[PDB]
Amino acid sequence: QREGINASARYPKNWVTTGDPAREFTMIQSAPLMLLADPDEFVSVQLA
Amino acid sequence: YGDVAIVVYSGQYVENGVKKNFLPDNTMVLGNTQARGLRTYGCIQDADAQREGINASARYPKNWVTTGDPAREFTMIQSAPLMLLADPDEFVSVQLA
Amino acid sequence: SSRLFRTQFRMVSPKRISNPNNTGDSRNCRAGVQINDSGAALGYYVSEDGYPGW
Amino acid sequence: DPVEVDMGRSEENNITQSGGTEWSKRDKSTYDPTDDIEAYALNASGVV
Amino acid sequence: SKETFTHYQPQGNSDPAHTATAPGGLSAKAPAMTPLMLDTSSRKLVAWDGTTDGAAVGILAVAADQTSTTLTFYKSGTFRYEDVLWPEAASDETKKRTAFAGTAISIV
Amino acid sequence: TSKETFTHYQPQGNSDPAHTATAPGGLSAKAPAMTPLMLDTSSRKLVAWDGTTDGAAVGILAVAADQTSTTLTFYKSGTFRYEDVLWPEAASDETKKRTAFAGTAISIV
Amino acid sequence: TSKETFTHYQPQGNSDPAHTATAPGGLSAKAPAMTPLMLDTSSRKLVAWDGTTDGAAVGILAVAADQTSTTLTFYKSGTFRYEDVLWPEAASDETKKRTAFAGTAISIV
Amino acid sequence: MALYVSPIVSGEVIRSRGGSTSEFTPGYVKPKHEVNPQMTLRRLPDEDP
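These protein sequence lines map, in sequence, to chains A, B, C, D, E, F, G and H.
This note's numbering puts the first sequence at residues 1 to 48.
This note's numbering puts the second sequence at residues 49 to 145.
This note's numbering puts the third sequence at residues 146 to 199.
This note's numbering puts the fourth sequence at residues 200 to 247.
This note's numbering puts the fifth sequence at residues 248 to 355.
This note's numbering puts the sixth sequence at residues 356 to 464.
This note's numbering puts the seventh sequence at residues 465 to 573.
This note's numbering puts the eighth sequence at residues 574 to 622.
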């Protein structure tokens, strides 16, 4: 939000925490909300 | 003393609250100056150091400051000393009395 | 081969030059620029068109 | 974790002055150290 | 003709020391770095007695008194064993060390 | 022939920090590293957690110690994985083991 | 700390040649390498030398085998050292176990 | 050295010389420290008044 890159595909961020057991972590932020505006276009048939 | 070199050592170090000489009262060491030792240092177990690859190092300064409301920074040093020797028999130790 | 000179020059907006996937910069790679031991630039990570941002 | 480093020093190399004739009971005027120097240096695996 | 300047170091470890505010039923003048428990019945705040086992809930940060309805106290971190004042009731060092067991407060 | 499976060792389960603190402890026997601990209701020292008394579990030890180890170091904060803990066999209930550290900065996932 | 050391395995003592022979085996236990073996008095099979029967040991096994092994290969000639070959603890006399393989092409040095 | 190999008997084969190995692996030390900038309020024993 500070960087202004809120809207994107993927947000990788790698950083190391402070303190004596200083260890590094990686984050992969995303918010996929894939949709289809023509639901009735597709027809699914369960065969039997 | 002819062929052997004579020295007198008096170095001290400070333990928890007091000082003391490195050597006990009366020690005598037959040694050779040409004997080879090892100042070996292990890999710095530090993720931050490994971020830029300083695995094998003599020393490792490091500084950081805590976040949040309390603000206070630190000084950090890391090393893995393994002072070693080539041959053990080339040195002879005698406790005088 | 329809032209005598096959070379073409394209200017590129700086916003198209950055670290790929916005990865964190390292000692040698900074903002998508490859830096050697001597500080000379080596390579550039360029993105394609960003319009629409879709 | 308490760890150890035993180089493999022979028991001869760490001989103390245990006994009734170490250095103090000896006569300060007549007794010499050179014999002790030789008797402790000959078993040193090389020149010292 | 000698006034030593000791290095004032209340902190004892790298862990952060966060603060918190809470109403306090203090009945005296409490200096800083004062252990305190939560009242058993009224749930007010008083200085730790040194007799109740593990009742202490934190370390006071800024000195106050009875008049202070609310008070600010440390909630996390580690402090030295010496700089922190102790109630005179507490005698053995073992329970003093283990006083803040199970909490974000520790001492060395 | 001999198939050995190397596995990385991450006791941590969450990004939360894991601060360690020292305290005296009346340990009985050789306690392996990262062992649950409790506080003795009488001796006021630290011993291996029984796995039976509720809420008595105070923390998780840091370095393996023994009865001769006067001072013991142990984590105060952080989240740890259930499978990567050497619990006492007395704690035979999974949910009790899970929520034993509830109420303090030590938690389980 | 651990002094694993390195010694060159030299089971053969002297330059006398070593020969092998394959015979049916009637072992009752898992037999490691360098095991003395005698002939069974009943079924003329091969059984690891118990150490109490004198001179009845016939061969010295080369490659470790077990009960399920129908037949096995044993050394039939040569000179071998003393510490190199695993021996039964029933035999105790030093000279007797030295001369255990006397009268054959197997020698102890 | 050469003790008594007689030229009527083959003799014996002298075992080779084998070495020994040791490990002294671990190694470590870390002297952390602190500054607590709140200390800076008071005057140092240096820095004359």
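Cβ coordinates follow ideal geometry from the N, Cα and C atoms, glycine included.
query	result
Nearest-angstrom beta carbon gap, E:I354 and E:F326 [assumed within contact, 8 Å]	5 Å
Rounded separation between B:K110 and B:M124 - CA only	5 Å
Exposure label - F:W404; buried when at least 16 CB within 10 Å	buried
Counterpart residues of E:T268 in DSSP-defined beta bridges	E:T319
Minimum Cβ-Cβ distance from A:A7 to chain C less than 9 Å	yes
Min CB distance H:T598 to chain B below 9 Å	yes
Same chain, Cβ closer than 8 Å to B:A83, five either side skipped, listed in chain order	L133, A134, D135, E138 and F139
Residue nearest to G:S492 in terms of C-alpha spacing, selected from G:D518, G:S556, G:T534 and G:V549	G:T534
Pairwise C-alpha distance: C:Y189 and C:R148	29 Å
Limits of the unbroken beta strand (DSSP E) element including E:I354	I352 to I354
Closer than 9 Å to chain H by CB, G:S541	no
Interface flag, H:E620 vs chain B, CB-CB below 9 Å	no
Classification of G:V511 by the beta-carbon crowding that lies within 10 angstroms, buried from 16 upward	buried
Per DSSP, cross-strand counterpart(s) of E:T325	E:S353
Proximity test, Cβ basis, 9 Å: A:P32 and chain C	no
Strand pairing of A:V16, partner residues [DSSP]	A:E24
Separation of C:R161 from C:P197, as counted between CA atoms	14 Å
E:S248 versus E:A337 - alpha carbon distance	36 Å
Sequence-distant residues of the same chain with beta carbon closer than 8 Å to D:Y239, five excluded per side	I214
F:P379 vs E:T345 beta-carbon contact at 9 Å	yes
Residue from E:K276, E:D286 and E:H254 whose Cα sits closest to the Cα of H:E607	E:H254
Cβ-Cβ distance between E:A348 and E:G297 below 9 Å	no
Contact check, E:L307 vs E:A351, beta carbons under 9 Å	no
Contact with chain H by residue 356 of chain E, beta-carbon distance below 9 Å	The question about residue 356 of chain E has no answer here: the residues shown for chain E are numbered 248 through 355.
Neighbourhood of B:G85 by C-beta distance below 6 Å, restricted to the same chain and skipping five residues each side	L133
N-terminal and C-terminal residue of the alpha helix (DSSP H) that D:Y239 is part of	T233 to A240
Any C-beta of chain C under 9 Å from that of A:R2	no
Contact set between F:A460 and chain E, taken where Cβ atoms lie within less than 7 Å	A351
Rounded separation between G:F470 and G:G523 - CA only	29 Å
Exposure of F:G433, with buried meaning 16 or more beta-carbon neighbours within 10 Å	buried
Nearest to B:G90 (by Cα), restricted to the options B:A145, B:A128 and B:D117	B:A128
C-alpha distance - C:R172 paired with C:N181, whole-angstrom precision	9 Å
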